[PDB]
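Two forms, one protein chain; structure tokens for each follow separately as structure 1 and structure 2.
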Structure 1
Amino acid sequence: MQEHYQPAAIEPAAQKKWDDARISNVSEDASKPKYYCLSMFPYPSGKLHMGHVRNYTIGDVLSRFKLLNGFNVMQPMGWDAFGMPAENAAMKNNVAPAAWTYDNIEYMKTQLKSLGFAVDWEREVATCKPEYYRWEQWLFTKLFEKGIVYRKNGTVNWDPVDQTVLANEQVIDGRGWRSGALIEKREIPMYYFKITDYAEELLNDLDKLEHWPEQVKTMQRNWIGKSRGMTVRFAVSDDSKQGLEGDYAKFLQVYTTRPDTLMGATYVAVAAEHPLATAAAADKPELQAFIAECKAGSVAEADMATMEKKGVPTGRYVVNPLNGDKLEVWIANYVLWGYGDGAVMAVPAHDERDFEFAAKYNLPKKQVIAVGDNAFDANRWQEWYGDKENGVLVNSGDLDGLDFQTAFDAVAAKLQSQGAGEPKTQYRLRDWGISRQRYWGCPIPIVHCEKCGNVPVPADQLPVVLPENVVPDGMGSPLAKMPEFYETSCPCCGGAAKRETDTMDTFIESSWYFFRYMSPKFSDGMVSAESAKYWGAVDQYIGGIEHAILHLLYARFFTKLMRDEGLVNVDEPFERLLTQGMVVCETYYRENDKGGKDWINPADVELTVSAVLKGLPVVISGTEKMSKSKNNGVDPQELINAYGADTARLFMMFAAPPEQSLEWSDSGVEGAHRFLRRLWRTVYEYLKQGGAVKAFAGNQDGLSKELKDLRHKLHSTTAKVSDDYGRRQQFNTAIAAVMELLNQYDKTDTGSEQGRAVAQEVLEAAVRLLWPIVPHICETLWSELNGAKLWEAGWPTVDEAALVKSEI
């Protein structure tokens, strides 16, 4: 054993030992309890970033911990390979997206290997290989013939200068983000998952996920947005019927979740596209401009609530079916066509959005709910105005004194008796649009035939292979310009036909990859029956916050679809969720000769407090998430090159709890490294003073007080570490506990025969308690202390007798 810790001299050997023993290559072995620990697989962008290293170290700790506790652990790794960055890199570097992607996979796989993650690499998948995406094409065709996938016209944002479609997040003030050209609203046929057929199941089955964070479930519930409400029809006044036809000339239909407040409605609001808006706008240019602006907006969903609410009166009136009030119709930008009837009633006194709308336009506010003796102020919103539980009806004639549910049913009865309304359930959930006008994604397995229509590709002819000899040029998406790809024959009649050229939303690949890991070479289905039955559901899922709502929702949807096809037996894919925190770092800049700032990467400055560009000073600025926005990313490879993998893993687990933001710290990295030196020196000094002995075990009566206190600390530490790994998932406090154990060890005389046995017991436990965090140095130190295989000695046991104190 060398005297000094040299991670370059031990980390390759340790990795080769694990690979040779194949501890991470797992099969469907019913002789051992399974554990499926899954970390969100990476986009092969070119090289790991610090977020990757944090995510997969957290996954590795949990995996290695459960391995030491006797579990058959599958910890798989793969590549979420489709998407825009490969296209972007192709347009910049004149290379093919596939070539760029596979070179990135090869480099990043090496980096992951160098960190010593206990990964079953025989289960590696790459979603851009046809051996993978053929199976989501297969699922598509099966759902398409059932109508769960369907074709329908939808509206997209066309950038005529870049010749491509943009999401609302890539549209700024109505113009494309990169071009600055005004976008054009185009209606084109696209494909959709009928996810709304599964809304009730996707909402109710959340109750099964006892170990999910409550706010993640809450966000799933809000996104599905089930409401139980009331359809209410407002007769159109005789003076307001010009230009209307059909049912729109008889009544205005709305949906409301507060029909108990129908006596307090003071006006109604319709979408820009509602026929009442069209008819009223016919001879009013101000309404035509307002309708045109609503149609031209590109507000993303995540920003819909923060959009300023605006309306225009129409001079058209409708009649409240309960009290006969004539109410004016307004056109408003927050009423969306397609959401229910595209029309709502407004009760400003008891709905805060209506309150602020009415207060802006000085529309009337009518109180119809009372909560105790609380004063109602028509000029100031109070939280109790919206209270649905403790309120009682007022100013409602026949309905006064009723609570929410009784007034709900009485209004239901009144309306139904008049033919003017009925109860109704609605969902905010929209169907899932999967068509993308992009090249580097999974082809959609549809052929368009003028005689046969939209025809699914037969299972025998899957995959529809995406050609990889393609370099996108930025003058439109390549597939629509490649007749050698889209020109084909109809699989139903043999006549001339054309393949669909749109590709699939890349969320599809990540909605089932965790099943594919169970049998990644299986050629007869998405996943083999034996492997799905054994592995079941993911026991632990570790990932980030970005896109989590949709990804979780989509993966739960796909599970229910795959279960209904007889491919899996679980209703839910993920039993536990750990969302890791972002990694943040300081930023640095120098001012421009053009009134702006040039952002400097931390690897290109030296800190004297103050900074200098590698030699004039730079400005040290604020701390924020590492990104290319302000060029403050720290390269994990330089951290590995300078200190080794264990230092990297230890710093990330020590610096903050996994869900907390982790602040980059040079001194913290160095502190992590010095601790590894300490751990190395402690074992080396123990073994230089007499060589290893048998670890103390059994009855400790007759041990000195100081050695009993060390064994108390020892088995108290083991209990704490076990609860931190297995229950709290708080690895930083577990590292500190082992540090406190080593401190007590340092202050304890262990030179006696019983002392050496306790010391051996202390060090044998500590190296095993830390093996999930820093396995290379711990594997190396364990073999100097004990001849058994560490993974067969297993997780350290708590000696409860070491914790019982001597009575008085």
Structure 2
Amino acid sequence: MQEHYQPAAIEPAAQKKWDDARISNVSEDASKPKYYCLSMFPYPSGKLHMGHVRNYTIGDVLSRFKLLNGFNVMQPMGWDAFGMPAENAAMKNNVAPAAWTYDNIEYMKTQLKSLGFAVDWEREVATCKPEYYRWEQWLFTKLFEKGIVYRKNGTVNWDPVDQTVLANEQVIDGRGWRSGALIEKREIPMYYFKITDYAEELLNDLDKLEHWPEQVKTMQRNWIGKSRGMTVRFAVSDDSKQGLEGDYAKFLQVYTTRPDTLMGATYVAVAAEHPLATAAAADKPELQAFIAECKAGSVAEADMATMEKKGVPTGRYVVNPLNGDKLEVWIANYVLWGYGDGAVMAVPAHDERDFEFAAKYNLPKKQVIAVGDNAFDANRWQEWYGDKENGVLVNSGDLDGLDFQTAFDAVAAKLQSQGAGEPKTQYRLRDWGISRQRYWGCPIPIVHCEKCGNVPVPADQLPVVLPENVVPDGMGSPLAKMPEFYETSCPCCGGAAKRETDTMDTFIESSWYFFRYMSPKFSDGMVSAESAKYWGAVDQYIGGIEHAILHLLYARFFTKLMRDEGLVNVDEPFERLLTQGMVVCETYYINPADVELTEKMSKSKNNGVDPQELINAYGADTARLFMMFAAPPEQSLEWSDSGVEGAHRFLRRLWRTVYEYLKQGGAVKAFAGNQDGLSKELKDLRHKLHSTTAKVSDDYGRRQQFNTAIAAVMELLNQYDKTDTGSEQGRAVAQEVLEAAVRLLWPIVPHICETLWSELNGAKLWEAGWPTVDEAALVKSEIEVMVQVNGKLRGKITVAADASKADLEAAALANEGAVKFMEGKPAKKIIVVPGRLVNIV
């Protein structure tokens, strides 16, 4: 064995040994339990960053831990290759997005292989390849036939100067990012997933996820935004029907989640697009200007929660169906057309938004809810005004004295008796718009025929291949200007027709890639039935909480869609979630590596430290160890050159330790079996050993805290250094300690542990398996305790080292000599000195 640690030499050698053994190249082996450990596949931007390193080391630690415990572990890797960053690099360097993407994949793959991740590279996928996206095109056409995917006009942001559609992330102050021209709102036909049909399923199935973080489930619930409220109809007064047609001439319909406060309504508010707003503003210019300012605004919830709530009266009146009061209709900028009825009631006494709105305009505030002892001040807002669990109704006539739910049910029955309302469930969730006016994305498998309409491409003709020899320029998608692409024949009539030129939301590819990993070479479906039945669902998912909402929601939606199609039989894709904290680095006034002598490392400010320089300078094991040791996985990690130095010296210490042990007599059989007769020092070392094994096993398997597991192995080595292991039984225990230490650290730093193991033991490491805990090594020695009766030694008892004072009291009173000297009398007191004596008085 060589004396000094050389990661540049041993890490390539250890990587080829694993590759030649094909331990990571797994199949649907029914003779072993499966474990699917998935890390979020990266966008092939060009180079890895320490964020990738931390994420994929965490996944590799869990994967290698399960492999050592005898699991058939699948840890697949892939490339989220579609999206804008390639389209922006295409216009910068004048290259095709495909060639720019494949150059990055090939390079980033070599960077990943040099880190030693136990990856099944035979299951690699690239989402921009037709062999992949043909199956999301297939699912598109199948759901299109069922109406789950439909075509409908939607609003987009049009740039009149750049001649392109812009996302809201590129529209600032009503203007284009790289143009600055006033952005128009255009209605164009687009495609949507009817995800609202699955809202109740997407909400309730969260209860099945017993191992998800509670805040992630909370974020999913708030995004869906289910509310159980009441539809309420206010009859339009006789004097307020001018110019109103249809149902809008008779009643104003609103939606409310507080029908228990309907007796407290003092006014109602409609959206600027509501027919009551249009009819009232017909001869009032002040209302026409208000409606225009509302339309010329942002429905962005961010801007809406920060905007000044404004309103103007209309002079039109509606009638409350419970108490008969005539209420004036206001046009308000916070009422949104398209959400519910486009109109709401207002209860300023029990809704904070309505209180401030009515405080500005001096509208009445009628209390209809009391919370026991609290006092109601119409000029102040307390937090209990909107209390829904402890409130009780007042000023409600029939409903006085009821709680929220009882008043809810009673108002429901009263409104249905008069035909003026009914219970209604609503969701803030809107349908999922698929269409993107971009080139570098999955083509939409629709053919437009002037005789047949929007026609789906038959399954025999899939995929619709995206042409790769394209250099986008940013002034409109090139597909709309390529007649050789969109000119086609209608698959229903055969006449001249046009292909859809929009591409798909890149969230589509990440919504089902975890299933494609199960059979990435399958050509008869999204995923083969056999591999789907074997792998089931993802056992462990590792990625940012930034994706806790849309990505997870879309992935869960696609899982149920594919299940309903009979492709899979699981309800949820991910059983467990691990969210790693971001990696941060000091900024300088550019990469710190190009600098000589603190925010998230991202492409935005180019703070990302290139892992390849750390690998060349210290090796992959030093990189992996520093990531897992600096902080818990969920906690943020700060880049520290001092941190990578301490990690490398520990690996030098681990190497030096095994070398010095083998220099002093070579390898022997590891100690095992009965440890009676071992010296006290060697028993304590074995106790520390199997205590460390239990602690590392618990930190990998349950807590998923890797920094503490490394610290535990460090403590075991510290006690090893202070232990004389020169004797024959001493050498046997030293062999047992080192054989476990290198296996406990193998998931973190597999390169050095693989090399050290084969110098210690001739068997394959992954066949010796995860170290077991010898429970006998955890039992400490027994102690003899003196028994006293009124201070006189009456006998002795043999006590356990873990015995409580109650155990010594129980054992001291059972002593024969005690009972004989106690003369059948009780003890007014029983003093207990643990580990010395117990005296009964």
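Here the rigid core means the biggest group of C-alpha atoms that line up within 1.5 Å when the two forms are laid on top of each other. Here, residue number means position along structure 1's sequence, counting from 1.
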- Query: Given structures 1 and 2, which represents the form solved without ligand ATP?
  - Reply: 1
- Message: Taking 2 Å as the cut-off, check whether the CA of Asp646 shifts that much or more between structure 1 and structure 2 after a rigid core fit.
- Response: no
- Query: After the core is overlaid between structure 1 and structure 2, has the C-alpha of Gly494 moved by 2 angstroms or more?
  - Reply: no
- Item | Whole-degree rotation of one rigid part against the other between structure 1 and structure 2 | 9
- Task: Give me the C-alpha shift of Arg430 between structure 1 and structure 2, core superposed, in Å.
- Result: 0.5
- Item | between structure 1 and structure 2, how far the Cα of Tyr267 shifts once the core is aligned, in Å | 2.3
- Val299: how big is its Cα shift between structure 1 and structure 2, in Å, with the core superposed? 5.1
